[PDB]
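Structure data (mmCIF, C-alpha atoms and all ligand atoms) from start-v6.cif:
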data_final
loop_
_atom_site.group_PDB
_atom_site.id
_atom_site.type_symbol
_atom_site.label_atom_id
_atom_site.label_comp_id
_atom_site.auth_asym_id
_atom_site.auth_seq_id
_atom_site.Cartn_x
_atom_site.Cartn_y
_atom_site.Cartn_z
ATOM 1 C CA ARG A 164 -5.515 -14.883 7.630
ATOM 2 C CA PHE A 165 -4.376 -12.807 10.674
ATOM 3 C CA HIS A 166 -5.760 -13.383 14.163
ATOM 4 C CA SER A 167 -8.138 -10.710 15.462
ATOM 5 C CA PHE A 168 -7.213 -9.797 19.035
ATOM 6 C CA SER A 169 -9.232 -7.632 21.290
ATOM 7 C CA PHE A 170 -7.327 -4.834 23.008
ATOM 8 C CA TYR A 171 -8.045 -6.398 26.470
ATOM 9 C CA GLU A 172 -6.096 -9.484 25.531
ATOM 10 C CA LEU A 173 -3.065 -7.463 24.532
ATOM 11 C CA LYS A 174 -3.250 -5.338 27.644
ATOM 12 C CA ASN A 175 -3.265 -8.451 29.774
ATOM 13 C CA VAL A 176 -0.315 -10.068 27.982
ATOM 14 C CA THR A 177 2.010 -6.990 28.134
ATOM 15 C CA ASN A 178 1.735 -6.192 31.885
ATOM 16 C CA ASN A 179 -0.872 -3.579 30.810
ATOM 17 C CA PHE A 180 1.497 -2.094 28.239
ATOM 18 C CA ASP A 181 4.243 -1.575 30.757
ATOM 19 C CA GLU A 182 6.330 1.124 29.116
ATOM 20 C CA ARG A 183 9.426 0.693 31.152
ATOM 21 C CA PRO A 184 12.293 -0.923 29.219
ATOM 22 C CA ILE A 185 12.524 -4.680 29.512
ATOM 23 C CA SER A 186 15.963 -4.202 31.156
ATOM 24 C CA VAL A 187 14.413 -2.442 34.140
ATOM 25 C CA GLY A 188 11.343 -4.796 34.553
ATOM 26 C CA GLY A 189 8.856 -3.535 31.976
ATOM 27 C CA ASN A 190 7.778 -4.706 28.539
ATOM 28 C CA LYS A 191 9.014 -1.966 26.222
ATOM 29 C CA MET A 192 11.461 -3.352 23.654
ATOM 30 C CA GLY A 193 11.854 -0.211 21.685
ATOM 31 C CA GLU A 194 10.030 2.434 19.725
ATOM 32 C CA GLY A 195 9.252 1.993 16.088
ATOM 33 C CA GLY A 196 8.055 4.762 13.808
ATOM 34 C CA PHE A 197 4.675 5.832 15.206
ATOM 35 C CA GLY A 198 4.467 3.308 18.059
ATOM 36 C CA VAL A 199 6.038 1.496 20.965
ATOM 37 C CA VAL A 200 6.872 -2.217 20.592
ATOM 38 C CA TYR A 201 6.165 -4.290 23.680
ATOM 39 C CA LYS A 202 7.066 -7.864 24.575
ATOM 40 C CA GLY A 203 4.025 -10.036 25.168
ATOM 41 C CA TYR A 204 3.434 -13.622 26.160
ATOM 42 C CA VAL A 205 0.357 -15.314 24.726
ATOM 43 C CA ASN A 206 -0.534 -19.048 24.680
ATOM 44 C CA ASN A 207 3.105 -20.390 24.941
ATOM 45 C CA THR A 208 4.463 -17.841 22.376
ATOM 46 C CA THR A 209 6.605 -14.715 23.076
ATOM 47 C CA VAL A 210 5.288 -12.041 20.665
ATOM 48 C CA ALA A 211 6.049 -8.438 19.737
ATOM 49 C CA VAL A 212 3.075 -6.090 20.141
ATOM 50 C CA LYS A 213 3.384 -2.642 18.472
ATOM 51 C CA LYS A 214 0.779 -0.229 19.934
ATOM 52 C CA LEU A 215 0.492 2.802 17.566
ATOM 53 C CA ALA A 216 0.804 6.240 19.351
ATOM 54 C CA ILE A 221 0.449 13.020 13.307
ATOM 55 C CA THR A 222 -3.396 12.726 12.942
ATOM 56 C CA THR A 223 -5.745 9.778 13.705
ATOM 57 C CA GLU A 224 -6.821 9.190 10.049
ATOM 58 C CA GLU A 225 -3.145 9.131 8.914
ATOM 59 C CA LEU A 226 -2.212 6.702 11.729
ATOM 60 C CA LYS A 227 -5.168 4.540 10.839
ATOM 61 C CA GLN A 228 -4.022 4.563 7.110
ATOM 62 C CA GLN A 229 -0.545 3.465 8.126
ATOM 63 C CA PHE A 230 -2.195 0.680 10.219
ATOM 64 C CA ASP A 231 -4.324 -0.449 7.208
ATOM 65 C CA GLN A 232 -1.318 -0.321 4.891
ATOM 66 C CA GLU A 233 0.825 -2.366 7.312
ATOM 67 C CA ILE A 234 -1.973 -4.967 7.240
ATOM 68 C CA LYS A 235 -2.269 -4.980 3.399
ATOM 69 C CA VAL A 236 1.446 -5.200 2.735
ATOM 70 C CA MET A 237 1.832 -8.059 5.238
ATOM 71 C CA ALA A 238 -1.150 -9.936 3.870
ATOM 72 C CA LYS A 239 0.441 -9.809 0.382
ATOM 73 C CA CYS A 240 4.111 -10.180 1.366
ATOM 74 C CA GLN A 241 5.335 -13.291 3.196
ATOM 75 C CA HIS A 242 8.986 -14.085 2.944
ATOM 76 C CA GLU A 243 11.579 -15.330 5.430
ATOM 77 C CA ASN A 244 13.422 -11.981 5.189
ATOM 78 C CA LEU A 245 10.377 -10.029 6.229
ATOM 79 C CA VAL A 246 8.758 -9.723 9.683
ATOM 80 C CA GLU A 247 5.601 -11.874 10.127
ATOM 81 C CA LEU A 248 2.322 -10.405 11.320
ATOM 82 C CA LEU A 249 0.364 -12.753 13.526
ATOM 83 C CA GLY A 250 -2.525 -10.454 14.239
ATOM 84 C CA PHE A 251 -3.873 -7.121 15.219
ATOM 85 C CA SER A 252 -6.340 -5.216 17.382
ATOM 86 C CA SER A 253 -8.488 -2.241 16.260
ATOM 87 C CA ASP A 254 -11.390 -2.305 18.818
ATOM 88 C CA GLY A 255 -11.563 1.023 20.635
ATOM 89 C CA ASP A 256 -9.175 3.930 20.144
ATOM 90 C CA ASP A 257 -5.901 1.955 19.990
ATOM 91 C CA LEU A 258 -4.415 0.084 17.170
ATOM 92 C CA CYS A 259 -2.065 -2.840 17.815
ATOM 93 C CA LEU A 260 -0.068 -5.025 15.517
ATOM 94 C CA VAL A 261 1.152 -8.401 16.835
ATOM 95 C CA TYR A 262 4.208 -10.141 15.303
ATOM 96 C CA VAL A 263 6.453 -13.147 15.696
ATOM 97 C CA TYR A 264 9.098 -12.110 18.249
ATOM 98 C CA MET A 265 12.631 -11.549 16.924
ATOM 99 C CA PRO A 266 14.872 -12.640 19.787
ATOM 100 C CA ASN A 267 18.043 -10.890 18.669
ATOM 101 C CA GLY A 268 16.409 -7.441 18.312
ATOM 102 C CA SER A 269 17.632 -4.953 15.714
ATOM 103 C CA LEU A 270 20.762 -4.936 13.594
ATOM 104 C CA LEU A 271 21.408 -1.432 14.965
ATOM 105 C CA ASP A 272 21.483 -2.744 18.502
ATOM 106 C CA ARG A 273 23.590 -5.836 17.673
ATOM 107 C CA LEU A 274 26.070 -3.606 15.855
ATOM 108 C CA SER A 275 26.453 -1.444 18.900
ATOM 109 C CA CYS A 276 26.493 -4.490 21.255
ATOM 110 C CA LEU A 277 23.733 -2.936 23.237
ATOM 111 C CA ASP A 278 23.118 -4.646 26.565
ATOM 112 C CA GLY A 279 26.443 -6.501 26.311
ATOM 113 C CA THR A 280 25.649 -8.819 23.429
ATOM 114 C CA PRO A 281 28.766 -10.292 21.673
ATOM 115 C CA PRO A 282 29.938 -8.592 18.498
ATOM 116 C CA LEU A 283 28.690 -10.021 15.213
ATOM 117 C CA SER A 284 31.320 -11.982 13.158
ATOM 118 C CA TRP A 285 32.047 -11.030 9.626
ATOM 119 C CA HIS A 286 30.552 -14.376 8.490
ATOM 120 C CA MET A 287 27.277 -13.468 10.295
ATOM 121 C CA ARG A 288 27.387 -9.887 8.954
ATOM 122 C CA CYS A 289 27.658 -11.276 5.415
ATOM 123 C CA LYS A 290 24.548 -13.496 5.980
ATOM 124 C CA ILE A 291 22.607 -10.556 7.394
ATOM 125 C CA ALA A 292 23.540 -8.379 4.394
ATOM 126 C CA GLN A 293 22.396 -11.129 2.021
ATOM 127 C CA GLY A 294 19.174 -11.738 3.892
ATOM 128 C CA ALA A 295 18.273 -8.098 4.061
ATOM 129 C CA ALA A 296 18.912 -7.751 0.314
ATOM 130 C CA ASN A 297 16.674 -10.816 -0.292
ATOM 131 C CA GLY A 298 13.878 -9.135 1.736
ATOM 132 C CA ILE A 299 14.226 -5.835 -0.162
ATOM 133 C CA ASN A 300 14.280 -7.808 -3.490
ATOM 134 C CA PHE A 301 11.082 -9.485 -2.522
ATOM 135 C CA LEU A 302 9.485 -6.168 -1.832
ATOM 136 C CA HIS A 303 10.710 -4.627 -5.086
ATOM 137 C CA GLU A 304 9.588 -7.694 -7.139
ATOM 138 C CA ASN A 305 6.190 -7.112 -5.541
ATOM 139 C CA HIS A 306 6.256 -3.403 -6.553
ATOM 140 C CA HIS A 307 6.591 -2.060 -3.077
ATOM 141 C CA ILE A 308 8.908 0.624 -1.961
ATOM 142 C CA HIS A 309 9.825 0.560 1.717
ATOM 143 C CA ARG A 310 11.000 4.165 2.218
ATOM 144 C CA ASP A 311 12.756 3.729 5.547
ATOM 145 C CA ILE A 312 15.397 1.025 5.157
ATOM 146 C CA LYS A 313 17.797 1.408 8.133
ATOM 147 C CA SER A 314 19.572 -0.836 10.665
ATOM 148 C CA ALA A 315 16.872 -0.145 13.341
ATOM 149 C CA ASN A 316 14.417 -1.782 10.876
ATOM 150 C CA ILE A 317 16.307 -4.982 10.114
ATOM 151 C CA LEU A 318 15.367 -7.391 12.896
ATOM 152 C CA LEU A 319 17.276 -10.546 13.738
ATOM 153 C CA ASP A 320 15.804 -13.914 14.767
ATOM 154 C CA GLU A 321 17.405 -16.624 16.944
ATOM 155 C CA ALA A 322 19.692 -17.699 14.044
ATOM 156 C CA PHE A 323 20.492 -14.055 13.017
ATOM 157 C CA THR A 324 18.286 -14.259 9.925
ATOM 158 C CA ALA A 325 17.594 -10.685 8.870
ATOM 159 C CA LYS A 326 13.946 -9.558 8.603
ATOM 160 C CA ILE A 327 12.883 -6.218 7.230
ATOM 161 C CA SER A 328 10.195 -4.455 9.261
ATOM 162 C CA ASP A 329 7.898 -1.437 9.279
ATOM 163 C CA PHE A 330 5.572 -1.201 6.230
ATOM 164 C CA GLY A 331 3.220 1.588 7.490
ATOM 165 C CA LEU A 332 4.752 4.063 4.955
ATOM 166 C CA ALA A 333 5.458 1.602 2.119
ATOM 167 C CA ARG A 334 4.067 2.514 -1.403
ATOM 168 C CA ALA A 335 3.062 0.506 -4.481
ATOM 169 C CA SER A 336 5.356 0.744 -7.704
ATOM 170 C CA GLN A 341 7.026 5.690 -12.679
ATOM 171 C CA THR A 342 8.878 8.040 -10.204
ATOM 172 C CA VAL A 343 6.197 10.178 -8.556
ATOM 173 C CA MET A 344 6.703 13.011 -6.084
ATOM 174 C CA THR A 345 5.031 13.719 -2.709
ATOM 175 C CA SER A 346 4.505 16.671 -0.362
ATOM 176 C CA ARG A 347 4.834 14.506 2.772
ATOM 177 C CA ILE A 348 8.548 13.747 2.866
ATOM 178 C CA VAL A 349 9.219 10.601 4.990
ATOM 179 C CA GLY A 350 12.205 8.471 6.055
ATOM 180 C CA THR A 351 15.255 8.906 8.259
ATOM 181 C CA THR A 352 17.550 11.721 7.000
ATOM 182 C CA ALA A 353 20.837 9.983 7.832
ATOM 183 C CA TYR A 354 19.894 7.172 5.408
ATOM 184 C CA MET A 355 17.920 9.035 2.773
ATOM 185 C CA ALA A 356 18.887 9.455 -0.893
ATOM 186 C CA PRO A 357 19.091 13.032 -2.289
ATOM 187 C CA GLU A 358 15.994 12.472 -4.429
ATOM 188 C CA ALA A 359 13.958 11.148 -1.436
ATOM 189 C CA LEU A 360 14.900 14.176 0.573
ATOM 190 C CA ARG A 361 13.161 16.282 -2.210
ATOM 191 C CA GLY A 362 10.112 14.059 -2.296
ATOM 192 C CA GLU A 363 10.545 11.561 -5.083
ATOM 193 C CA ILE A 364 9.239 8.066 -4.320
ATOM 194 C CA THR A 365 11.346 5.418 -6.121
ATOM 195 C CA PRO A 366 12.785 1.966 -5.306
ATOM 196 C CA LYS A 367 16.157 3.503 -6.145
ATOM 197 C CA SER A 368 15.971 5.361 -2.861
ATOM 198 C CA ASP A 369 15.781 1.964 -0.928
ATOM 199 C CA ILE A 370 18.977 1.017 -2.729
ATOM 200 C CA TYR A 371 20.748 4.074 -1.386
ATOM 201 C CA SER A 372 19.579 3.591 2.179
ATOM 202 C CA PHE A 373 20.752 -0.057 2.031
ATOM 203 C CA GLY A 374 24.101 1.402 1.098
ATOM 204 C CA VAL A 375 24.309 3.191 4.397
ATOM 205 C CA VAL A 376 23.254 -0.042 6.188
ATOM 206 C CA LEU A 377 26.123 -1.747 4.442
ATOM 207 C CA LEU A 378 28.479 0.835 5.809
ATOM 208 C CA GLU A 379 27.089 0.316 9.225
ATOM 209 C CA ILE A 380 27.733 -3.474 8.929
ATOM 210 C CA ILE A 381 31.366 -2.873 7.781
ATOM 211 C CA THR A 382 32.248 -0.222 10.323
ATOM 212 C CA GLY A 383 30.030 -0.934 13.217
ATOM 213 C CA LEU A 384 29.349 2.802 13.393
ATOM 214 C CA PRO A 385 25.954 4.436 13.582
ATOM 215 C CA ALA A 386 24.608 6.292 10.526
ATOM 216 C CA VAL A 387 24.746 9.488 12.502
ATOM 217 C CA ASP A 388 26.669 10.518 15.620
ATOM 218 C CA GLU A 389 26.611 14.160 16.652
ATOM 219 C CA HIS A 390 29.879 13.826 18.641
ATOM 220 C CA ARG A 391 31.810 12.313 15.732
ATOM 221 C CA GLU A 392 33.620 13.719 12.725
ATOM 222 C CA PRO A 393 32.121 13.149 10.199
ATOM 223 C CA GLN A 394 28.788 13.203 11.910
ATOM 224 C CA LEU A 395 27.185 11.278 8.963
ATOM 225 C CA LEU A 396 28.475 7.891 8.020
ATOM 226 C CA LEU A 397 27.706 8.283 4.342
ATOM 227 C CA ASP A 398 30.449 11.012 4.323
ATOM 228 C CA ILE A 399 33.174 8.334 4.696
ATOM 229 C CA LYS A 400 32.606 7.244 1.143
ATOM 230 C CA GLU A 401 33.937 10.665 -0.032
ATOM 231 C CA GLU A 402 36.903 10.441 2.409
ATOM 232 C CA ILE A 403 37.740 7.060 0.936
ATOM 233 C CA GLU A 404 37.376 8.145 -2.740
ATOM 234 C CA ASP A 405 39.377 11.360 -2.158
ATOM 235 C CA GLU A 406 42.343 9.145 -0.905
ATOM 236 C CA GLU A 407 42.210 10.718 2.562
ATOM 237 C CA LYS A 408 41.373 7.233 3.950
ATOM 238 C CA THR A 409 40.970 3.534 3.223
ATOM 239 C CA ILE A 410 38.161 1.174 3.993
ATOM 240 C CA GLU A 411 40.660 -0.550 6.324
ATOM 241 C CA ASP A 412 40.782 2.543 8.592
ATOM 242 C CA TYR A 413 37.041 2.292 9.221
ATOM 243 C CA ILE A 414 36.487 -1.578 9.378
ATOM 244 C CA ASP A 415 34.940 -2.610 12.662
ATOM 245 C CA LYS A 416 37.721 -3.804 14.959
ATOM 246 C CA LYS A 417 35.230 -6.001 16.872
ATOM 247 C CA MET A 418 35.641 -9.007 14.507
ATOM 248 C CA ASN A 419 38.547 -11.403 13.817
ATOM 249 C CA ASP A 420 37.276 -13.248 10.813
ATOM 250 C CA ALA A 421 36.990 -10.468 8.253
ATOM 251 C CA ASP A 422 39.181 -10.869 5.158
ATOM 252 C CA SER A 423 40.123 -7.903 2.974
ATOM 253 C CA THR A 424 38.738 -9.389 -0.141
ATOM 254 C CA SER A 425 35.158 -9.888 1.055
ATOM 255 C CA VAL A 426 35.273 -6.582 3.022
ATOM 256 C CA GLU A 427 36.352 -4.724 -0.110
ATOM 257 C CA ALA A 428 33.684 -6.535 -2.070
ATOM 258 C CA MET A 429 30.904 -5.464 0.414
ATOM 259 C CA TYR A 430 32.282 -1.893 0.411
ATOM 260 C CA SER A 431 32.180 -1.938 -3.400
ATOM 261 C CA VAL A 432 28.475 -2.869 -3.252
ATOM 262 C CA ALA A 433 27.864 -0.135 -0.719
ATOM 263 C CA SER A 434 29.739 2.490 -2.795
ATOM 264 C CA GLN A 435 27.623 1.643 -5.858
ATOM 265 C CA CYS A 436 24.340 1.797 -3.908
ATOM 266 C CA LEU A 437 25.387 5.213 -2.651
ATOM 267 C CA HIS A 438 25.782 6.893 -6.099
ATOM 268 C CA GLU A 439 24.347 10.375 -5.863
ATOM 269 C CA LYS A 440 22.567 9.887 -9.215
ATOM 270 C CA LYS A 441 19.745 7.399 -8.874
ATOM 271 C CA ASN A 442 19.966 5.911 -12.356
ATOM 272 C CA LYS A 443 23.644 4.923 -11.827
ATOM 273 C CA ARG A 444 22.898 2.777 -8.708
ATOM 274 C CA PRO A 445 22.466 -0.974 -9.167
ATOM 275 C CA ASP A 446 18.962 -2.398 -8.803
ATOM 276 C CA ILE A 447 18.293 -4.844 -5.927
ATOM 277 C CA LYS A 448 18.754 -7.941 -8.109
ATOM 278 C CA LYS A 449 22.277 -6.765 -8.905
ATOM 279 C CA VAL A 450 23.020 -5.950 -5.189
ATOM 280 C CA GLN A 451 21.784 -9.473 -4.402
ATOM 281 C CA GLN A 452 24.048 -11.133 -6.997
ATOM 282 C CA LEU A 453 27.090 -9.065 -5.882
ATOM 283 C CA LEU A 454 26.472 -10.009 -2.235
ATOM 284 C CA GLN A 455 26.135 -13.713 -3.274
ATOM 285 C CA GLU A 456 29.478 -13.455 -5.198
ATOM 286 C CA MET A 457 31.202 -11.858 -2.201
ATOM 287 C CA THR A 458 30.547 -15.133 -0.294
ATOM 288 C CA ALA A 459 31.090 -17.863 -2.982
HETATM 289 O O1 LIG B 1 10.718 -8.695 18.191
HETATM 290 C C1 LIG B 1 10.660 -7.563 17.683
HETATM 291 N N1 LIG B 1 11.389 -6.465 17.997
HETATM 292 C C2 LIG B 1 12.385 -6.361 18.943
HETATM 293 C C3 LIG B 1 12.923 -7.410 19.665
HETATM 294 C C4 LIG B 1 13.899 -7.170 20.534
HETATM 295 N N2 LIG B 1 14.510 -8.011 21.331
HETATM 296 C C5 LIG B 1 15.501 -7.362 21.957
HETATM 297 N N3 LIG B 1 16.298 -7.916 22.868
HETATM 298 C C6 LIG B 1 16.099 -9.351 23.220
HETATM 299 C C7 LIG B 1 17.538 -9.971 23.453
HETATM 300 O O2 LIG B 1 18.601 -9.079 23.844
HETATM 301 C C8 LIG B 1 18.594 -7.593 23.693
HETATM 302 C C9 LIG B 1 17.210 -7.028 23.691
HETATM 303 O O3 LIG B 1 15.467 -6.042 21.675
HETATM 304 C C10 LIG B 1 14.446 -5.908 20.714
HETATM 305 C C11 LIG B 1 13.996 -4.848 20.014
HETATM 306 C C12 LIG B 1 12.985 -5.071 19.073
HETATM 307 N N4 LIG B 1 12.594 -3.946 18.402
HETATM 308 C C13 LIG B 1 13.605 -3.303 17.506
HETATM 309 C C14 LIG B 1 13.051 -2.220 16.634
HETATM 310 C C15 LIG B 1 12.252 -1.274 17.544
HETATM 311 C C16 LIG B 1 11.096 -2.062 18.113
HETATM 312 C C17 LIG B 1 11.592 -3.115 19.016
HETATM 313 C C18 LIG B 1 9.809 -7.289 16.566
HETATM 314 C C19 LIG B 1 9.218 -8.309 15.879
HETATM 315 C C20 LIG B 1 8.420 -8.090 14.767
HETATM 316 C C21 LIG B 1 8.221 -6.784 14.382
HETATM 317 C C22 LIG B 1 8.835 -5.749 15.083
HETATM 318 C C23 LIG B 1 8.638 -4.445 14.635
HETATM 319 C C24 LIG B 1 7.438 -4.053 13.996
HETATM 320 N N5 LIG B 1 7.289 -2.738 13.475
HETATM 321 C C25 LIG B 1 8.314 -1.895 13.650
HETATM 322 N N6 LIG B 1 8.430 -0.620 13.280
HETATM 323 C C26 LIG B 1 9.630 -0.175 13.610
HETATM 324 C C27 LIG B 1 10.278 -1.183 14.222
HETATM 325 C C28 LIG B 1 9.463 -2.268 14.253
HETATM 326 C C29 LIG B 1 9.653 -3.494 14.752
HETATM 327 N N7 LIG B 1 9.622 -6.041 16.139
#
Is it possible to give me this structure as structure tokens?
Amino acid sequence: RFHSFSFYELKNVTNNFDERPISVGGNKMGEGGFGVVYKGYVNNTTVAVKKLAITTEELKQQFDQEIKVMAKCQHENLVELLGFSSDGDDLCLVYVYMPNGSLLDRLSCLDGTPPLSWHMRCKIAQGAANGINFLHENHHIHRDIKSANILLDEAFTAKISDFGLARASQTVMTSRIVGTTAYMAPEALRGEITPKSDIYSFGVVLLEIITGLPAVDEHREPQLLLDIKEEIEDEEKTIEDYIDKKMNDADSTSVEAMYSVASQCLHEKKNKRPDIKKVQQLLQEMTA
């Protein structure tokens, strides 16, 4: 199944887990839930190595869950686990490297990368929906769908990542509220666990893709991106006022169609949101 690595190997291949950012000579590519993701080089392959870093038993459960989800769920719109390490007191997960990093970072053009075209943004939206559909068809709920979690390969194929908190499946509740508040549905923020909450967060991701803005920005008004939906519905603004200006191939018709998907995902009432299959078909129609 997955390759078993010993910690020593992964130390050696990451400049001993050099935590400086890759841009300044280290191996750190970013930080990712409850761990740091390092670049490694092993037997002709660049790999991503997440070393997990709030108790030990809970961290270990998240590690075991990541492994179980990935063993059951292989799909081109999900991240691929190559292996792991559990010997000693560290836990590592080793994945196929995604050379274009996160959607978040490509939206902000971090490190000077060129802006994504509308045509590419449409493919990424479709791919990400196809990943989430796969997960929901397999009765998993992700719980932290966001742009920082949609990775992008050499061809800008979208891959969903981070399954440490994912859950199997009738809407249950929890005491341990998890996710990222800027993306989270009202009912997730109160502790329900439902696939309908992934739909909502995807909504926010769709806004990010349209606008190029982050989901939250403390120095902006509104500080939360999901607030623009209300500005647009209460006639104060149009989707055209917010469309990312860093593209020249966006047409009104497809942009309005993606915004219409996003609006529907973002319904306050969970039972009025489309399910992922519907999102997927709408996103396919936007492009046809
Ligand atoms: O290759 C991976 N991540 C990655 C690659 C990056 N590459 C780049 N660049 C190369 C070209 O130009 C700009 C900088 O930046 C990258 C950032 C990442 N991630 C992005 C999410 C945070 C972890 C590191 C990768 C592959 C498979 C799984 C994961 C992964 C696994 N678990 C995760 N939990 C939260 C995030 C997360 C990410 N990450």
Hey, which bits of chain A sit within 7 Å of ligand LIG 1 (chain B), and for each residue what's the closest pair of atoms and how far apart in Å (one decimal), counting all atoms listed in the file, rows by chain and increasing number, as a Markdown table?
| residue | atom | partner | partner_atom | distance |
| --- | --- | --- | --- | --- |
| A:192 | CA | B:LIG1 | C17 | 4.6 |
| A:193 | CA | B:LIG1 | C17 | 4.0 |
| A:194 | CA | B:LIG1 | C15 | 4.8 |
| A:195 | CA | B:LIG1 | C26 | 3.3 |
| A:196 | CA | B:LIG1 | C26 | 5.2 |
| A:199 | CA | B:LIG1 | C16 | 6.8 |
| A:200 | CA | B:LIG1 | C16 | 4.9 |
| A:210 | CA | B:LIG1 | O1 | 6.8 |
| A:211 | CA | B:LIG1 | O1 | 4.9 |
| A:213 | CA | B:LIG1 | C24 | 6.2 |
| A:246 | CA | B:LIG1 | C20 | 5.4 |
| A:247 | CA | B:LIG1 | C20 | 6.6 |
| A:262 | CA | B:LIG1 | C20 | 4.7 |
| A:263 | CA | B:LIG1 | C20 | 5.5 |
| A:264 | CA | B:LIG1 | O1 | 3.8 |
| A:265 | CA | B:LIG1 | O1 | 3.7 |
| A:266 | CA | B:LIG1 | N2 | 4.9 |
| A:267 | CA | B:LIG1 | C7 | 4.9 |
| A:268 | CA | B:LIG1 | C4 | 3.4 |
| A:269 | CA | B:LIG1 | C13 | 4.7 |
| A:277 | CA | B:LIG1 | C8 | 7.0 |
| A:278 | CA | B:LIG1 | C8 | 6.1 |
| A:315 | CA | B:LIG1 | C14 | 5.5 |
| A:316 | CA | B:LIG1 | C27 | 5.4 |
| A:318 | CA | B:LIG1 | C13 | 6.4 |
| A:328 | CA | B:LIG1 | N5 | 5.4 |
| A:329 | CA | B:LIG1 | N6 | 4.1 |
Those residues you just picked out, can you put them in a file as a short mmCIF file (atom, residue, chain, number, x, y, z; two decimals), in the coordinates of the input with C-alpha atoms?
data_model
loop_
_atom_site.label_atom_id
_atom_site.label_comp_id
_atom_site.auth_asym_id
_atom_site.auth_seq_id
_atom_site.Cartn_x
_atom_site.Cartn_y
_atom_site.Cartn_z
CA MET A 192 11.46 -3.35 23.65
CA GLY A 193 11.85 -0.21 21.68
CA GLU A 194 10.03 2.43 19.73
CA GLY A 195 9.25 1.99 16.09
CA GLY A 196 8.06 4.76 13.81
CA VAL A 199 6.04 1.50 20.96
CA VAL A 200 6.87 -2.22 20.59
CA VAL A 210 5.29 -12.04 20.66
CA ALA A 211 6.05 -8.44 19.74
CA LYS A 213 3.38 -2.64 18.47
CA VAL A 246 8.76 -9.72 9.68
CA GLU A 247 5.60 -11.87 10.13
CA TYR A 262 4.21 -10.14 15.30
CA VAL A 263 6.45 -13.15 15.70
CA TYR A 264 9.10 -12.11 18.25
CA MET A 265 12.63 -11.55 16.92
CA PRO A 266 14.87 -12.64 19.79
CA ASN A 267 18.04 -10.89 18.67
CA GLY A 268 16.41 -7.44 18.31
CA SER A 269 17.63 -4.95 15.71
CA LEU A 277 23.73 -2.94 23.24
CA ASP A 278 23.12 -4.65 26.56
CA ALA A 315 16.87 -0.14 13.34
CA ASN A 316 14.42 -1.78 10.88
CA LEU A 318 15.37 -7.39 12.90
CA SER A 328 10.20 -4.46 9.26
CA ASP A 329 7.90 -1.44 9.28
#
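Each of A:410, A:261, A:377, A:384 was checked against residue 437 of chain A using all atoms listed in the file; the smallest atom-to-atom distance is that of A:377.
Among the candidates A:399, A:205, A:348, A:292, the residue lying nearest to residue 432 of chain A is A:292 (atoms considered: all atoms listed in the file).
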Practice problem: Please provide the set of residues having any atom within 9 Å of residue 260 of chain A, restricted to all atoms listed in the file, with same-chain residues fewer than 2 positions apart removed, written as a ChimeraX atom specification. | Solution: /A:211-215,230,233-234,248-253,258,262
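With atom CA of residue 225 of chain A on one side and atom CA of residue 310 of chain A on the other, the separation reads 16.4 Å.
The result of the PyMOL selection byres (((chain A and resi 368) around 8) and not hetatm) on the shown file is residues 310, 355, 356, 358, 359, 364, 365, 366, 367, 369, 370, 371, 372 and 441 of chain A.
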Practice problem: Give me the result of the PyMOL selection byres (((chain A and resi 378) around 9) and not hetatm) on this file, residue by residue, as number ranges by chain. | Solution: A: 373-377, 379-386, 396-397, 399-400, 429-430, 433-434
Quiz item: Skipping near chain neighbours, those fewer than 6 positions away, what residues fall within 8 Å of residue 395 of chain A using only C-alpha atoms, listed as a VMD selection string?
Solution: chain A and resid 353 386 to 388
Practice problem: Can you work out the spacing between atom CA of residue 447 of chain A and atom CA of residue 313 of chain A in Å, to one decimal? | Solution: 15.4 Å
Practice problem: Rank nothing, just name the residue among A:446, A:422, A:256, A:439 nearest to residue 289 of chain A, using all atoms listed in the file. | Solution: A:422
Can you take segment 241-248 of chain A from the block and write N, CA and C atoms as a PDB file, in the first residue's frame?
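Printed below is decode00.pdb as written:
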ATOM      1  N   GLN A 241      -8.686   7.330  -3.475  1.00  0.00           N
ATOM      2  CA  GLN A 241      -7.717   7.741  -4.521  1.00  0.00           C
ATOM      3  C   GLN A 241      -8.533   8.287  -5.684  1.00  0.00           C
ATOM      4  N   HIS A 242      -8.154   9.486  -6.106  1.00  0.00           N
ATOM      5  CA  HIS A 242      -8.843  10.209  -7.101  1.00  0.00           C
ATOM      6  C   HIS A 242      -7.879  11.318  -7.528  1.00  0.00           C
ATOM      7  N   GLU A 243      -7.891  11.647  -8.804  1.00  0.00           N
ATOM      8  CA  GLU A 243      -7.018  12.669  -9.354  1.00  0.00           C
ATOM      9  C   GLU A 243      -7.245  14.047  -8.789  1.00  0.00           C
ATOM     10  N   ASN A 244      -8.411  14.350  -8.231  1.00  0.00           N
ATOM     11  CA  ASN A 244      -8.615  15.591  -7.462  1.00  0.00           C
ATOM     12  C   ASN A 244      -8.455  15.520  -5.971  1.00  0.00           C
ATOM     13  N   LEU A 245      -7.730  14.498  -5.492  1.00  0.00           N
ATOM     14  CA  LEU A 245      -7.229  14.440  -4.157  1.00  0.00           C
ATOM     15  C   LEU A 245      -5.706  14.251  -4.178  1.00  0.00           C
ATOM     16  N   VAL A 246      -5.077  14.813  -3.187  1.00  0.00           N
ATOM     17  CA  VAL A 246      -3.636  14.602  -2.848  1.00  0.00           C
ATOM     18  C   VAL A 246      -3.383  13.104  -2.660  1.00  0.00           C
ATOM     19  N   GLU A 247      -2.217  12.662  -3.119  1.00  0.00           N
ATOM     20  CA  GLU A 247      -1.755  11.252  -3.025  1.00  0.00           C
ATOM     21  C   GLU A 247      -0.667  11.034  -1.959  1.00  0.00           C
ATOM     22  N   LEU A 248      -0.977  10.168  -0.992  1.00  0.00           N
ATOM     23  CA  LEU A 248      -0.039   9.751  -0.003  1.00  0.00           C
ATOM     24  C   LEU A 248       0.861   8.681  -0.583  1.00  0.00           C
TER      25      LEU A 248
END
